[PDB]
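Report on the following structure.
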Amino acid sequence: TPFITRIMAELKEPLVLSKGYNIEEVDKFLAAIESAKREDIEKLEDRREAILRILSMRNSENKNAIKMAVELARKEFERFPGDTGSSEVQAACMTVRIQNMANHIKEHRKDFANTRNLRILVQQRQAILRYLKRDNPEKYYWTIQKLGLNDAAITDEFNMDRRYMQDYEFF
Amino acid sequence: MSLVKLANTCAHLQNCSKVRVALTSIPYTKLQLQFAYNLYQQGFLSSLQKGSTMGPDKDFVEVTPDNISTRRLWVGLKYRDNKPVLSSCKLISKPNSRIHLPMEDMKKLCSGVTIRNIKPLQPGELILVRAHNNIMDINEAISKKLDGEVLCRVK
Amino acid sequence: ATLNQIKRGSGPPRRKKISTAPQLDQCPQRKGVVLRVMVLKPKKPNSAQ
Amino acid sequence: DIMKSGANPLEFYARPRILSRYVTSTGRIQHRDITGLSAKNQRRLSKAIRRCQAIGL
Amino acid sequence: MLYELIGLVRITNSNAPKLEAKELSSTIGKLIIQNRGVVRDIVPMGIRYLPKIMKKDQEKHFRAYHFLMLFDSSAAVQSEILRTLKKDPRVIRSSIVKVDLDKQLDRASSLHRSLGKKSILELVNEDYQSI
Amino acid sequence: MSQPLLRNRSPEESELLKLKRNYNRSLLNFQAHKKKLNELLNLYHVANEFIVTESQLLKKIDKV
RNA sequence: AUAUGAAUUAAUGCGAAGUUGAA
RNA sequence: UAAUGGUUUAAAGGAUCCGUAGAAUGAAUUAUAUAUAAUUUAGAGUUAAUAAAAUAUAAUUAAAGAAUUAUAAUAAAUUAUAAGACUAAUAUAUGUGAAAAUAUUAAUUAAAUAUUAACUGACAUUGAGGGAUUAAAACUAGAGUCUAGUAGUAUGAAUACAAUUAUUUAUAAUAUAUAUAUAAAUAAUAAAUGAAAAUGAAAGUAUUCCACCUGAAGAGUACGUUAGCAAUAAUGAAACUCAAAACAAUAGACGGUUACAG
RNA sequence: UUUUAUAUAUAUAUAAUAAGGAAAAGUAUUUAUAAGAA
Ligand SMILES: [Mg+2]
Ligand SMILES: [Mg+2]
Ligand SMILES: [Mg+2]
């Protein structure tokens, strides 16, 4: 699904900062402080390097990566800046968390608590997208196509019966 | 217009009467407001006041969507001679089985016949019927030849 | 119990009347031939032949 | 005392002296009635003491 | 991610006990830095007697050099650090505990915190630039 | 009971309310931005002490 | 398949005064 | 000729949750003809911020520890080896989890709280069928004793409301004192309910959805089917016999039932 | 409550002030109908 590909690529970009930071803004703030004193070059460079190493995705927790991914998904699907609850945004955010959970269970398969958590999340997405179908037919098909799902997946009854996992080779 | 909300209101008035509270509150919806007005005009409730969840309104407040969530209708209960005036309140038309009666069967009910397993009107009793989104006493509904849904029974 | 459960089949127990003379196939009487005549003792407290 | 001053006992997991201040001669964690700490403070003190025992300090 | 390592190194040379601590610290710091890590602090806890005669491999120790190294590093790399420590003859014991950086980015070591220094800024008293 | 229960808001009121709500949200963003910038500021302040250079690793090992 | 009969055969109900265990 | 019935204890709440259909039920305002359309935010949700150990819950990996067992040595004892299982205080299962369960340490991943702000705009409740996990036991295959299994046993949920007191518990204040207010937990109540025992913020007042019960025994038996190599499990009667049978409580004599006296 | 007055920085703290008083005599049909005992 191209959307998921781009979102999961943004995490693995060569340099992307955590905790809400980006390279441009940190650069601005660092240069501004450096200028402030005016009114050895090696040390400031390696100090900058240490800062950037501290704030790196590769350094931070996976939870932070998923937080950033959810932010990107919301930014993409939002009706207007700041929108968070329109069913498109809800579907996208739950989709990202579903991807993360599916990875989690795929790694180790006896974790039944998180398995039922994931099933509940999937069924929640089904419910919200069904409501979207009823309310906004156009945005509904737009959304299921972007997220990589046909109407069959949303409409039908779904559970992760192990036969599902055998069918789609989930493990 | 929920019969669920109206049933909750009916049970709330019953409980408030049993523990002898002078003033209580109900949801501020037109069904509840029409209900409270019809009970009040018949002497069952002492008074109606506008208010919020905290209490009755001190000064007049306009009703807007901004404050609608916390709006409440404060009903004052009557207790006379150490007894509750509004002794009991019931819903004839349950949310499952809704009873929409034509005028002839309302006359039969008022005249003592049991229609659709509804116990007929009693002397000191009050029955409310909603016709075309207006609540009214069953007697007035018959007087205006209005077909309607029978809702409740307060004795 | 609930209106749908009542609708789906539940209800008061059928006050079912079974025949106390099943072999008479709903006839007031039936003719018959006596294979044997037998003397029996009733259940106590009663005693007799 | 000091963990009754609003400090976090988990922070005192690399300071075996203070952890020893709240154990019996044989090393037994002192029940809450003896220590008189809050619940939450007692739980972090127990966790910190058991961590200290785990890391060999 | 912050991780405090508390290592217990064996004293085999009685005249210069500290050398093994220096060599292990150098090796681990090289791993951390060369793997896109940072070693924020090294606290040299003194030489102390062990609570018991604790045994690693065949040799038995009674006293050791304790040290604390606070470092910001990634998960796989701390896993490899621990694997190296456990298989290293010099390290009697190791313990690597995460320090949550959720609320503040810069945080001190457990001992300096226990004194009352929740961040290394208070450790190195003041910076003295504003706005 | 005949009159409408509530007076629906005119679109001018809707625009004004939009302005107030967006002000609240943007103010929260502004506080969070101040906080992240201040944390970055303190991090860079004390980043002198941190050790990213092996040449400095040996220095501080010898010092300590 | 719907029935009707069957040597051979499974279980259980009753009752007669009792017989044996101590669950 | 009693369902103007019941399910803690008389027959009967399904182990726990998730959720499809429901010819099941379900927010607010306006307008039009019993719904439809447009608006709205009280239900249900989404994203952040803060506070808190979200520590306990799962899986995985990596460690620690007492002792046990066996082997070897020295003269039950002291050392040295390997093996596994278990987690001694804290300690209350306080808590966490839907239940079953779970308290030696660290880490990785996942999830669970509240309040505020913003956003969606009824997207909700329950849930037949179905699906997940399901102790111990039973055995089946692949691997060298282990893994992968078959199988599925052994006071329902939600919403509105409901007088006190006394303790705690967690916050919010005001200057230890306001014997401080707001909440939840615990105990005795009032009213109310009940056949009573007893319940007493639920076994109360109401609404909605599902499951279950219809005298005792025959019988959870037989037969058939369903899965299973099988074991077993699920579904599950009928004839005959009887006026019984059962529950709570009352007084009694009875027990090696308890003590205690005279 | 409301209205004003002073003071202070359109607003805030203080002081005063309050319009709701009317009387009169006479002017049935009720409806359908559910019992238990051993
Ligand atoms: Mg849902
Ligand atoms: Mg009848
Ligand atoms: Mg029973």
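What is reported rests on the model, the rules as stated and the sources as named; these are not laboratory values. Positions of Cβ are generated from backbone atoms using ideal geometry, with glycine treated the same way; all protein chains shown enter the neighbour counts.
Observations on the model:
- Matching residues, region A:114-171, being out of contact with any helix residue (DSSP H, G or I) (no Cβ under 9 Å at 6 or more places or on another chain) and among the hydroxyl-bearing types (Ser, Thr, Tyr): A:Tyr164, A:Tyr168
- Condition met for A:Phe77 (more than 16 Å from RNA strand G (Cβ to nearest atom) and over 30 Å from F:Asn24 (Cβ atoms)): no
- The sole residue among E:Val77, E:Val97 that is in contact with a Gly (Cβ under 7 Å, 6 or more places away or on another chain) and either outside any loop (DSSP other than H, G, I, E, B) or of a type in the set (D, E, K, R) (or both) is E:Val77.
- The single condition from (1) out of contact with any strand residue (DSSP E or B) (no Cβ under 8 Å at 6 or more places or on another chain); (2) surrounded by 13 or more Cβ atoms within 10 Å (Cβ to Cβ) that A:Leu17 fails is (1).
- Residue count for region B:23-70, restricted to those that are more than 14 Å from chain F (Cβ to nearest Cβ), part of a loop (DSSP other than H, G, I, E, B) and among the polar types (S, T, N, Q): 2.
- Output for region F:34-51, where each listed residue is at the interface with chain E (Cβ under 7 Å from one of its Cβ atoms) and either assigned to a helix (DSSP H, G or I) or not hydrophobic (A, V, I, L, M, F, W, C) (or both): F:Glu39, F:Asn42, F:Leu43, F:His45, F:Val46, F:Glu49
- In the set (1) within 18 Å of the chain's Cα centre (by Cα); (2) more than 30 Å from E:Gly37 (Cα to Cα), A:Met57 fails one condition alone, (2).
- Some residue of region C:25-45 being over 30 Å from B:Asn96 (Cα atoms) and in contact with a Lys or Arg (Cβ under 9 Å, 6 or more places away or on another chain): no
- Residue check for B:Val63: out of contact with any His (no Cβ under 7 Å at 6 or more places or on another chain) and either within 13 Å of B:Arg20 (Cα to Cα) or not assigned by CATH to the domain that holds B:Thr24 (or both): no
- Hits in region F:27-41 - residues which are closer than 24 Å to E:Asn125 by Cβ and surrounded by fewer than 16 Cβ atoms within 10 Å (Cβ to Cβ): F:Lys35, F:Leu37, F:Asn38
- For region D:35-44, the criterion of being at positive phi, within 9 Å of chain E (Cβ to nearest Cβ) and part of a loop (DSSP other than H, G, I, E, B) is met by none of the residues.
- Within region A:40-67, tally of residues that are within 14 Å of chain F (Cβ to nearest Cβ), farther than 15 Å from E:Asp72 by Cα and among the hydrophobic types (A, V, I, L, M, F, W, C): 2
- Top-ranked residue in region E:52-67 [being surrounded by fewer than 19 Cβ atoms within 10 Å (Cβ to Cβ) and part of a strand (DSSP E or B); ranked as farthest from the other protein chains (Cβ to nearest Cβ)]: E:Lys60
- For E:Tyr49, the conditions (1) away from chain D (no Cβ under 13 Å); (2) more than 15 Å from E:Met1 (Cβ to Cβ) are fulfilled apart from (1).
- Note on region E:45-81: residues that are over 30 Å from A:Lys63 (Cβ atoms) and either within 16 Å of ligand 1 (Cβ to nearest atom) or over 15 Å from the mean Cα position of the chain (by Cα) (or both) amount to 16.
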